[PDB]
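Take a look at this one chain, the form deposited in one PDB entry, written out in structure tokens.
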């Protein structure tokens, strides 16, 4: 499973360095494999960029699908979205990378097609349930919760998330 490990390392490098900071030596180091192995699988770095972004895209798409299932099984939307957000914040395994890739896109336009999958998908998921206005406010708050937690070094509790989300989705 060498190739896959190289692709996932490339995700982590791209999140930290951008598509332009991607190099065989950096990926080799991040995957702890010989540099020559990376050039064998991906001598053309553009092929690695494509593979890495596609891997991230699949993970993003798959995650949103799981959110969809979980939301369909629970009558308390605010509490369910809050628990999902708590898991997302707490995750240290490529949930973290996906989030880092997402924040890297904010000022790296080349990563925005990948990044947009998430807010577009969440809006699509929520709009039929709570309306376009509430779906937008909640997707924005979600972005805030993750960013603010990392910047300030402290997360909102699931209870605090539940309260805020409840406020955003309630009938006016």
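For clarity, a rigid core is taken as the largest C-alpha set superposing within 1.5 Å between two forms. Positions refer to the first chain, counted from 1.
Below, we refer to the form deposited in another entry, which is not included among the displayed structures.
Here the rigid core is superposed between the shown form and the other one, and of 103, 145, 134, 125 the C-alpha of 103 is the only one to shift by 2 Å or more. Once the rigid core is overlaid between the shown form and the other one, residue 161 does not reach a Cα shift of 2 Å, moving by less than that. Shown in the overlay between the shown form and the other one, fitted on the rigid core, is a CA shift at residue 94 of 2 Å or greater. Residue 41: CA moves 2 Å or more between the shown form and the other one after rigid-core fitting.
In the other entry, the CA atoms of residue 145 and residue 95 sit closer together than in the displayed form, by at least 3 angstroms. Note on residue 21 and residue 151: their C-alpha atoms are nearer in the other entry, a change of at least 3 Å from this conformation.
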